[PDB]
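got a sequence here, can you model it:
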Amino acid sequence: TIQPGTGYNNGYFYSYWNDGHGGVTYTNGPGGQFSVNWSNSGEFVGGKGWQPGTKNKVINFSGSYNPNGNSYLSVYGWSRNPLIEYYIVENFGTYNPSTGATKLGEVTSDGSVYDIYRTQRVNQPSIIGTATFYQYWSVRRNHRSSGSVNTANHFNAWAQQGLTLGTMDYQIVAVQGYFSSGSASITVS
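Numbers count the residues shown, from 1 in each chain. Please see the structure below:
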(Lines give C-alpha, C1' and ligand atoms only; values in the text may rest on other atoms or scores of the structure.)
Protein backbone atom coordinates (compact mmCIF):
# COMPACT_ATOMS: atom_id res chain seq x y z
CA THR A 1 0.00 0.00 0.00
CA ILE A 2 0.89 3.65 -0.33
CA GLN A 3 0.37 6.31 2.34
CA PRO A 4 -3.04 8.05 2.29
CA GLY A 5 -2.81 11.43 0.62
CA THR A 6 -2.81 13.04 -2.81
CA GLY A 7 -0.17 13.53 -5.46
CA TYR A 8 0.93 12.51 -8.94
CA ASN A 9 1.90 9.15 -10.26
CA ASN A 10 2.94 8.50 -13.86
CA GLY A 11 1.29 11.73 -14.99
CA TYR A 12 -2.01 11.20 -13.21
CA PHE A 13 -3.40 12.86 -10.13
CA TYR A 14 -4.34 10.37 -7.44
CA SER A 15 -6.19 10.59 -4.16
CA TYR A 16 -6.30 7.87 -1.51
CA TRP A 17 -8.15 8.46 1.72
CA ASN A 18 -9.30 6.20 4.53
CA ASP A 19 -10.77 6.64 8.01
CA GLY A 20 -7.94 4.80 9.80
CA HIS A 21 -9.98 1.68 10.59
CA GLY A 22 -7.69 -0.66 8.69
CA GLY A 23 -8.42 -3.36 6.16
CA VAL A 24 -7.70 -1.51 2.91
CA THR A 25 -4.59 -1.20 0.74
CA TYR A 26 -4.20 1.00 -2.35
CA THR A 27 -1.40 0.98 -4.91
CA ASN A 28 -0.50 3.07 -7.93
CA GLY A 29 0.67 1.22 -11.03
CA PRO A 30 2.05 2.17 -14.43
CA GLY A 31 0.28 4.90 -16.40
CA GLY A 32 -3.25 5.44 -15.14
CA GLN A 33 -3.45 2.13 -13.26
CA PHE A 34 -4.38 1.66 -9.61
CA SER A 35 -5.36 -1.23 -7.52
CA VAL A 36 -7.43 -1.61 -4.31
CA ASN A 37 -7.79 -4.64 -2.01
CA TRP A 38 -9.91 -4.53 1.05
CA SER A 39 -11.16 -6.91 3.72
CA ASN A 40 -13.48 -5.74 6.49
CA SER A 41 -12.48 -2.14 5.83
CA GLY A 42 -13.81 1.07 7.23
CA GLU A 43 -14.55 3.98 4.90
CA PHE A 44 -12.16 4.77 2.02
CA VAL A 45 -11.92 6.34 -1.44
CA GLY A 46 -9.07 5.85 -3.89
CA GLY A 47 -8.38 6.44 -7.57
CA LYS A 48 -6.61 8.26 -10.37
CA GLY A 49 -7.53 11.11 -12.73
CA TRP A 50 -7.05 14.86 -12.86
CA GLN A 51 -6.63 17.96 -10.71
CA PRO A 52 -8.43 20.03 -11.74
CA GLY A 53 -11.05 18.18 -13.74
CA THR A 54 -12.99 19.67 -16.63
CA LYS A 55 -16.62 19.84 -17.72
CA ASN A 56 -16.09 18.16 -21.10
CA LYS A 57 -13.66 15.35 -20.35
CA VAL A 58 -14.14 11.94 -21.94
CA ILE A 59 -12.77 9.57 -19.28
CA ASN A 60 -11.77 6.00 -20.29
CA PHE A 61 -11.51 3.23 -17.70
CA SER A 62 -10.85 -0.54 -17.86
CA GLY A 63 -10.22 -3.36 -15.55
CA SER A 64 -11.88 -5.43 -12.85
CA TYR A 65 -14.07 -4.58 -9.87
CA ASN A 66 -15.14 -7.27 -7.40
CA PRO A 67 -16.95 -5.84 -4.37
CA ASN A 68 -18.29 -7.96 -1.49
CA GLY A 69 -20.44 -5.54 0.34
CA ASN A 70 -20.95 -1.78 0.13
CA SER A 71 -18.72 -0.18 -2.52
CA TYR A 72 -18.98 2.05 -5.61
CA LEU A 73 -16.97 2.37 -8.86
CA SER A 74 -17.52 5.92 -10.22
CA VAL A 75 -16.23 8.97 -11.93
CA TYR A 76 -16.00 11.03 -8.75
CA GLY A 77 -15.08 14.61 -8.03
CA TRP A 78 -15.90 17.94 -6.49
CA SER A 79 -16.76 21.45 -7.49
CA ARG A 80 -16.24 24.63 -5.50
CA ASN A 81 -18.55 27.65 -5.31
CA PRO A 82 -20.95 25.92 -5.06
CA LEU A 83 -19.39 23.07 -3.11
CA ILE A 84 -20.67 19.81 -4.67
CA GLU A 85 -19.54 16.19 -4.41
CA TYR A 86 -20.55 14.32 -7.54
CA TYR A 87 -20.64 10.78 -8.87
CA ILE A 88 -21.18 9.08 -12.19
CA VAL A 89 -21.60 5.51 -10.78
CA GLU A 90 -20.71 2.73 -13.25
CA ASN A 91 -21.04 -0.16 -10.81
CA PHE A 92 -21.66 -0.83 -7.12
CA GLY A 93 -21.91 -3.63 -4.57
CA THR A 94 -24.71 -4.35 -2.11
CA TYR A 95 -25.99 -0.75 -1.91
CA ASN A 96 -27.33 1.46 -4.68
CA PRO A 97 -26.28 4.93 -3.41
CA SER A 98 -29.52 6.40 -4.76
CA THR A 99 -31.71 4.33 -2.43
CA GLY A 100 -34.33 6.65 -0.97
CA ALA A 101 -33.01 9.67 -2.88
CA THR A 102 -35.19 12.16 -4.85
CA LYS A 103 -34.94 11.30 -8.64
CA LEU A 104 -34.21 14.39 -10.75
CA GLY A 105 -34.36 12.86 -14.23
CA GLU A 106 -32.60 10.52 -16.64
CA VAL A 107 -29.75 10.82 -19.16
CA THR A 108 -28.61 8.40 -21.83
CA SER A 109 -24.85 8.23 -22.32
CA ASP A 110 -22.23 5.71 -23.40
CA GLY A 111 -24.56 2.77 -23.92
CA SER A 112 -26.94 3.04 -20.94
CA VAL A 113 -29.64 5.09 -19.32
CA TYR A 114 -28.59 6.70 -16.03
CA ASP A 115 -30.96 7.88 -13.31
CA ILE A 116 -30.14 11.28 -11.80
CA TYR A 117 -30.47 12.11 -8.10
CA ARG A 118 -29.56 14.85 -5.53
CA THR A 119 -28.80 14.18 -1.93
CA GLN A 120 -27.48 16.37 0.88
CA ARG A 121 -24.67 15.89 3.38
CA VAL A 122 -25.15 17.83 6.63
CA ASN A 123 -22.08 18.91 8.60
CA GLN A 124 -19.84 16.42 6.96
CA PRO A 125 -16.18 16.45 5.88
CA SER A 126 -15.45 18.10 2.56
CA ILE A 127 -12.59 19.52 0.52
CA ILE A 128 -13.04 22.85 2.39
CA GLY A 129 -13.73 21.51 5.91
CA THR A 130 -16.92 20.51 7.68
CA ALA A 131 -19.86 21.70 5.61
CA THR A 132 -23.38 21.08 4.42
CA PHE A 133 -23.44 20.47 0.69
CA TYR A 134 -25.26 18.70 -2.09
CA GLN A 135 -24.24 15.56 -3.87
CA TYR A 136 -25.20 14.89 -7.50
CA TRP A 137 -25.55 11.34 -8.84
CA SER A 138 -25.90 9.68 -12.22
CA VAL A 139 -26.39 5.96 -11.57
CA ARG A 140 -25.83 3.65 -14.56
CA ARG A 141 -28.57 1.05 -15.10
CA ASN A 142 -26.30 -1.34 -17.03
CA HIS A 143 -23.37 -2.05 -14.63
CA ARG A 144 -19.85 -2.38 -16.03
CA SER A 145 -16.19 -2.09 -15.07
CA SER A 146 -14.76 -0.83 -18.38
CA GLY A 147 -15.96 1.86 -20.74
CA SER A 148 -15.97 5.62 -21.55
CA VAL A 149 -17.79 8.31 -19.71
CA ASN A 150 -18.66 11.49 -21.64
CA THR A 151 -18.81 13.72 -18.56
CA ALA A 152 -20.41 16.60 -20.48
CA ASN A 153 -23.56 14.55 -21.07
CA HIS A 154 -23.96 14.19 -17.31
CA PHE A 155 -22.98 17.72 -16.32
CA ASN A 156 -25.28 19.15 -19.01
CA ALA A 157 -28.22 16.98 -17.92
CA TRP A 158 -27.60 17.98 -14.30
CA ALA A 159 -27.55 21.67 -15.23
CA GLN A 160 -30.75 21.24 -17.29
CA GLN A 161 -32.42 19.92 -14.07
CA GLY A 162 -31.14 22.76 -11.85
CA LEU A 163 -28.10 20.89 -10.46
CA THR A 164 -25.32 23.57 -11.00
CA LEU A 165 -21.66 22.82 -10.70
CA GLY A 166 -19.10 25.43 -9.75
CA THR A 167 -15.41 25.38 -10.58
CA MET A 168 -13.97 21.90 -10.80
CA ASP A 169 -11.63 20.51 -8.25
CA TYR A 170 -10.29 16.97 -8.64
CA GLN A 171 -11.93 14.42 -10.92
CA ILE A 172 -10.97 10.75 -10.65
CA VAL A 173 -12.13 7.24 -11.37
CA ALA A 174 -12.54 6.01 -7.80
CA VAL A 175 -13.34 2.92 -5.81
CA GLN A 176 -15.20 3.94 -2.65
CA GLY A 177 -15.89 1.48 0.15
CA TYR A 178 -17.92 1.56 3.35
CA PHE A 179 -17.17 -1.28 5.79
CA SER A 180 -16.88 -3.99 3.15
CA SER A 181 -14.44 -6.25 1.30
CA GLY A 182 -13.35 -6.54 -2.30
CA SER A 183 -10.69 -6.11 -4.93
CA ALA A 184 -10.32 -3.86 -7.95
CA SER A 185 -7.76 -3.06 -10.63
CA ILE A 186 -8.54 -0.08 -12.85
CA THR A 187 -6.66 1.83 -15.57
CA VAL A 188 -7.70 5.41 -16.35
CA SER A 189 -7.04 7.70 -19.33
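
who are the contact partners of the residue lying farthest from the centre of the chain?
Distance to the chain centre peaks in the chain at residue 160, reaching 21.5 Å (criterion: C-alpha atoms, centre = their mean). With contact set as C-beta atoms under 8 Å, 6 or more residues apart in numbering, residue 160 has these partners: residue 105. Every C-beta, even on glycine, is put in place using the N, C-alpha and C of the backbone.

ok, residue 68 next?
Listed by C-beta under 8 Å, 6+ apart, the contact partners of residue 68 are 93, 180-182.

just residue 119 next, same as before
By C-beta under 8 Å, 6+ apart, residue 119 lies in contact with 101-102, 134-135, 137.

looking at the residues you listed, which is nearest residue 74?
Nearest to residue 74 among the contacts of residue 119 is residue 137, at 8.8 Å by C-beta to C-beta.

in which helix or strand does the closest residue to that closest one other than its chain neighbours reside?
For residue 137, ignoring the flanking residues on the chain, the nearest one in space by C-beta to C-beta, 6 or more residues apart in numbering is residue 117 at 4.3 Å. According to DSSP states H and E, residue 117 maps onto strand 112-124.

quickly run through the sheet partners of that strand, with directions.
Strand pairing for strand 112-124, using DSSP bridges, gives strand 102-109 (antiparallel), strand 131-140 (antiparallel).

need the contact list for residue 23.
38-42, 181.

ok, residue 123 - how many residues close by?
9 (other C-beta atoms under 10 Å).

also the one 3 residues further on?
Residue 126 is flanked by 16 other residues according to other C-beta under 10 Å.

the strands in the protein, which residues?
In the chain, the segments counted as strands under DSSP state E are 5-9, 12-18, 24-28, 33-38, 43-50, 58-68, 71-80, 84-92, 102-109, 112-124, 131-140, 147-150, 167-178, 181-188.

now render those strands as JSON lines, adding distance to residue 156.
Listed next are these as JSON lines, based on distance: least, C-beta to C-beta, whole Å:
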{"stretch": "strand 5-9", "distance to residue 156": "28"}
{"stretch": "strand 12-18", "distance to residue 156": "24"}
{"stretch": "strand 24-28", "distance to residue 156": "32"}
{"stretch": "strand 33-38", "distance to residue 156": "28"}
{"stretch": "strand 43-50", "distance to residue 156": "19"}
{"stretch": "strand 58-68", "distance to residue 156": "14"}
{"stretch": "strand 71-80", "distance to residue 156": "14"}
{"stretch": "strand 84-92", "distance to residue 156": "13"}
{"stretch": "strand 102-109", "distance to residue 156": "8"}
{"stretch": "strand 112-124", "distance to residue 156": "11"}
{"stretch": "strand 131-140", "distance to residue 156": "11"}
{"stretch": "strand 147-150", "distance to residue 156": "10"}
{"stretch": "strand 167-178", "distance to residue 156": "14"}
{"stretch": "strand 181-188", "distance to residue 156": "22"}
